[PDB]
Amino acid sequence: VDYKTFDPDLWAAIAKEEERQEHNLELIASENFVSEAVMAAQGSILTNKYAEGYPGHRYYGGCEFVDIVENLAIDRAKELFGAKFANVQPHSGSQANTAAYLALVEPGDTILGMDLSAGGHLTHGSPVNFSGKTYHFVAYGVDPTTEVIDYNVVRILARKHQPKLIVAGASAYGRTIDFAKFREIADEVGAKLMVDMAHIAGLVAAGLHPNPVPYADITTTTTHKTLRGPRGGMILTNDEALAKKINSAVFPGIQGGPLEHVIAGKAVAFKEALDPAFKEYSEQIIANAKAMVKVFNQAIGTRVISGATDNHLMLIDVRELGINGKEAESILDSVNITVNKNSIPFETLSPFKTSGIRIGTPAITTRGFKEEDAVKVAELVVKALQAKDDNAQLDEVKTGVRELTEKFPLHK
Amino acid sequence: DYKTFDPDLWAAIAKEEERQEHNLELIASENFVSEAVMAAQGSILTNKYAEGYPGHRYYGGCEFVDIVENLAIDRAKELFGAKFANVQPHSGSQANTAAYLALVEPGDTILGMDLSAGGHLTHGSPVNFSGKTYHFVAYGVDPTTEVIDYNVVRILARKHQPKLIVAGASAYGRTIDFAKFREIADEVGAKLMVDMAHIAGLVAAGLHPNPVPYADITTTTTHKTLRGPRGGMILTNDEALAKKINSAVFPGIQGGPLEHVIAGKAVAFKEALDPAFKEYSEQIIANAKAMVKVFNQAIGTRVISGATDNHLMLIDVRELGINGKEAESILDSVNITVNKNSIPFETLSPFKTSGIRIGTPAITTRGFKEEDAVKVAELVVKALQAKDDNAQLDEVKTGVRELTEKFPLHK
Ligand SMILES: CN1c2c(O)nc(N)nc2NC[C@@H]1CNc1ccc(C(=O)N[C@@H](CCC(=O)O)C(=O)O)cc1
Ligand SMILES: CN1c2c(O)nc(N)nc2NC[C@@H]1CNc1ccc(C(=O)N[C@@H](CCC(=O)O)C(=O)O)cc1
Ligand SMILES: CN1c2c(O)nc(N)nc2NC[C@@H]1CNc1ccc(C(=O)N[C@@H](CCC(=O)O)C(=O)O)cc1
Ligand SMILES: Cc1ncc(COP(=O)(O)O)c(CNCC(=O)O)c1O
Ligand SMILES: Cc1ncc(COP(=O)(O)O)c(CNCC(=O)O)c1O
């Protein structure tokens with residue numbers, strides 16, 4: 001509180017954001033609320049250490065204890081996911097994927113990855129991203145009728161295009177991904193397989209989604225989604241030769257000094273995820289998501305892509321409400337429900353309007369919501385979107401949000 | 001209490017805290033951030049996805065994160081006079097990655113400082129993305145003076161016709177003539193990029209010529225002499241480049257920014273706008289010059305170029321019959337933390353090297369003045385000359401203890 005007097009404007013903004021998280025329903029599928037330990041590690045004196053290199057082999061003196069922290073994160077990662085090798089230095093999921101491609105393919109090589117509209121990430125071959133700029137991406141999508149991955153189409157594309165690498169994983173796909181089937185297709189055309197499990201990494205760790213690590217040549221992930229850790233990336237592999245290429249790619253390939261205080265937060269979160277309570281959290285995530293999907297399915301005007309969820313998220317086509325994703329987002333904001341607009345498969349509008357919204361349950365599950373409460377959130381979402389600027393209706397939605405946020409204090 | 005759930009992690013963090021307390025941190029690129037910076041990094045801002053830029057995000061709920069990031073952008077602009085600022089780079093390497101994307105094309109010819117002479121890895125080392133992605137030509141320093149020969153730089157630029165000239169250094173103790181670099185770049189039709197990561201605090205305090213008026217793009221880290229959290233930043237005065245910089249950072253090479261880190265950047269920039277920061281920055285250079293004088297007079301330690309104009313020095317340890325890695329290990333055993341470092345025309349591998357690098361930002365932050373800097377330098381000399389006399393080493397340890405007890409850090 002002493003330093004808060006020196007910079008009133010900044011600490012005032014941080015206080016508002018704390019209230020915002022307290023008083024809104026955070027439904028961004030890729031968000032979560034980290035523990036106090038995760039925040040304490042990020043707020044620690046480890047921010048002061050330069051530690052270029054890897055544990056035991058640094059380019060600086062004085063890394064005795066940073067080496068303990070980083071090996072803590074590596075070892076717990078290997079235990080969480082069954083990988084023989086782990087790199088915990090990527091600053092983000094985008095840095096992780098950048099180094100993974102460096103260890104797997106050459107510039108210009110052909111890569112088969114999920115199309116962004118269908119659910120793939122920017123770094124799975126978007127042409128405004130390094131991935132699409134550096135490599136020759138062929139995109140697979142979802143079936144127009146079922147809106148799930150057609151693995152025959154993936155195989156057809158793989159045979160047609162003879163990719164060096166197939167990428168699986170998604171930012172906006174609510175369904176189980178068949179990594180074994182992907183491995184089988186990659187083997188038929190002689191390609192490598194990279195799996196980006198960033199969104200489902202927590203569910204994988206809890207055994208509630210098939211684990212890609214045994215199948216993928218390289219597995220990448222973020223630490224800050226369903227894994228409920230600090231923001232950052234990680235790279236997993238079982239091949240010792242790839243592990244050497246990954247480590248060289250991360251540093252001195254594309255990064256310099258690692259963020260050791262963030263890596264401390266990773267070690268914190270990995271140990272939390274190894275706790276048996278974490279598995280109960282993860283099942284609650286899926287139970288809550290399925291509960292909301294059921295509410296959204298019964299409502300006309302919220303159309304759940306593929307009609308179901310197997311994991312933490314849902315993609316909602318809002319077009320039949322006469323709105324686009326950007327306006328659906330702002331409507332829900334005006335009643336203190338935070339989502340993001342999101343492209344849906346076969347998206348026809350720009351990535352800034354879109355035809356839908358995305359909703360995920362990890363953050364409300366973390367603050368304590370159960371299925372009854374998830375159901376109330378979805379009902380509130382449907383009500384707000386059907387309101388059509390009936391301000392009385394909207395204020396009732398605000399009331400229900402207020403009841404939910406008071407029933408489940410977060411930072412209080 | 002949450003510390004009881006993970007005793008191994010929290011013990012390691014506590015040991016690192018004592019280590020910073022009881023060792024002399026002489027690593028030129030390190031510092032000790034304020035309680036406010038750590039509090040900002042340890043805040044709830046880590047929970048926010050904020051892809052995009054203030055006002056134009058891909059997520060809901062960014063009203064207050066937008067305030068924070070604009071605080072950091074605006075303070076960066078007031079500190080350095082840049083018309084545009086990008087505060088989202090996760091690191092200095094990410095900053096430079098986006099800068100190159102905004103300036104040149106893969107395979108283009110870039111003229112950057114050789115690593116041994118003092119340049120950074122991202123200034124064209126062939127094990128780095130820079131050397132792999134672009135055709136780098138290196139300029140170095142004169143062998144006799146160990147400072148930059150700007151006529152040799154002009155000859156190289158004329159000969160190789162680079163699309164881009166990069167100036168800036170990780171281990172160069174002397175003033176860089178950014179005006180001269182701009183002039184050379186203009187003669188051969190090149191763009192100019194300046195990576196001021198090490199001197200950014202000195203630049204902010206007006207103690208090193210400011211590159212922002214000269215460089216097409218200026219990159220920096222926020223965590224060296226700027227005494228901020230770990231991260232990068234990209235500055236420019238050109239509206240077209242600013243747009244290319246922003247697209248290069250996101251969605252070019254990053255995803256969501258680290259908003260708690262950007263909060264810490266905003267904290268640190270306001271600290272640097274305070275007049276005490278200028279006195280801190282002046283003390284940095286005074287302490288560095290004080291140590292250089294000790295090293296010059298000591299037999300066995302040779303200061304590269306024989307002088308410093310900024311925060312750091314390269315010490316050629318070869319006359320002591322050791323290499324930089326051994327010098328690093330000796331000094332660590334007496335609680336002095338340095339890093340081995342290549343010297344100009346380095347003949348050994350980057351993991352052995354012929355020297356060590358020493359900088360004063362961190363001991364200056366603990367409060368050291370020139371008298372105390374002189375004692376640090378004398379202790380470094382005593383330890384490197386100790387040569388298996390364990391009694392001498394114990395005396396060095398005692399002197400380190402007197403200094404760290406006199407200038408408490410985390411206590
Ligand atoms: C993380 N990300 C994401 C993703 O990567 N993949 C899916 N399926 N869904 C999502 N949802 C949320 C988020 C969306 N991020 C995006 C998505 C698309 C773009 C994009 O194409 N932008 C272009 C054009 C933007 C425009 O026309 O407005 C650019 O030049 O920046 C830029 C950022
Ligand atoms: C940040 N960095 C640095 C730098 O970039 N530039 C200078 N002048 N001085 C320094 N000092 C500290 C630090 C040193 N970092 C380095 C320096 C050199 C290398 C390098 O050449 N590595 C090679 C192999 C080196 C070897 O033979 O051991 C590699 O394949 O990884 C890798 C990292
Ligand atoms: C000291 N010295 C030096 C050195 O001895 N060794 C190295 N590696 N590097 C350097 N760098 C700086 C300095 C030498 N610099 C130069 C650079 C260029 C020239 C040069 O081309 N002079 C020609 C004239 C060339 C012309 O005008 O056509 C000559 O005949 O003197 C002569 C000397
Ligand atoms: C599958 C996947 N991979 C990589 C990333 C990139 O991580 P960083 O933002 O840390 O670079 C994301 C981000 N997904 C964000 C979202 O879905 O909202 C992702 O979903
Ligand atoms: C001039 C310069 N530019 C970029 C970087 C890279 O920043 P990151 O480590 O955050 O990627 C460094 C690191 N210099 C580290 C040192 O001198 O010890 C640097 O000195």
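Every number here is computed from the coordinates shown, using simple stated rules; none is lab data. Here the Cβ positions follow ideal geometry from the backbone for every residue, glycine too, while neighbour counts run over all protein chains shown.
Below are the figures for this structure:
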quantity	calculated
P(r) weight above 18 Å for region B:1-90, C-alpha pairs, percent	65 percent
Charge tally in the Cβ shell below 10 Å around B:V194, where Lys, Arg are +1 and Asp, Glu are -1, B:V194 excluded	-1
Radius 14 Å from Cβ of B:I73, net charge of other residues (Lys, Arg +1; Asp, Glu -1)	-1
Rounded to whole Hz, the Karplus (6.51, -1.76, 1.60) HN-Hα couplings of region B:248-263, x for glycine and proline	5, 4, 9, x, x, 10, 10, x, x, x, 8, 6, 5, 5, 4, 4
Relative contact order of chain A, pairs being alpha-carbon contacts under 8 Å that are 6 or more residues apart, as %	22 percent
Cβ-Cβ FRET estimate between A:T399 and A:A12, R0 fixed at 25 Å, reported to 0.05	0.35
Loop-resident sites, region B:43-114, for trypsin sites (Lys or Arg not before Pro), counting at most 16 other Cβ within 10 Å (DSSP)	B:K83
Approximate spin-label separation B:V127-B:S349, in nm, with each point projected 7 Å along Cα-to-Cβ	0.8 nm
Cleavage-rule hits, trypsin sites (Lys or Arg not before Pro), region A:55-161, DSSP coil, Cβ neighbours within 10 Å at most 13	A:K84
Exposed-site-free run, longest, chain A (rule: chymotrypsin sites (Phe, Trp or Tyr not before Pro); DSSP loop; at most 15 other C-beta within 10 Å)	A:7-345
B:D142 paired with B:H410, simple spin-label distance in nm, labels 7 Å along Cα-to-beta-carbon	4.5 nm
Cα gyration tensor category, rounded, prolate or oblate, for chain B with a/c compared to 1.5	oblate
Shape of region A:118-215, Cα gyration tensor, a/c cut at 1.5	rounded
Positive minus negative residues near A:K376 (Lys, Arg vs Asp, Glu; Cβ under 11 Å)	-2
Cα pair count fraction exceeding 37 Å, expressed as % - the protein assembly as shown	42 percent
Shape category assigned to region B:158-262 from the gyration tensor of Cα positions, a/c cut at 1.5	oblate
Simple spin-label estimate for B:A240 and A:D178 in nanometres, 7 Å along Cα-Cβ	5.2 nm
Cα centroid of region B:291-357 to Cα centroid of region B:52-117, whole Å	33 Å
Region A:47-127: relative contact order in percent, alpha carbon pairs under 8 Å with at least 6 residues between	13 percent
Nonlocal amide H pairs with B:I356, under 5 Å, H built at 1.01 Å	B:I315, B:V317, B:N341
When the convex hull of its Cα atoms is projected in every direction, mean area for region A:258-333 (nm²)	7.5 nm²
Loop-located chymotrypsin sites (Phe, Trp or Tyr not before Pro) in region B:308-411, at most 14 other Cβ atoms within 10 Å (DSSP)	B:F345, B:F351
Rounded Å value of the spacing that divides the Cα centres of region B:364-411 and region A:218-262	37 Å
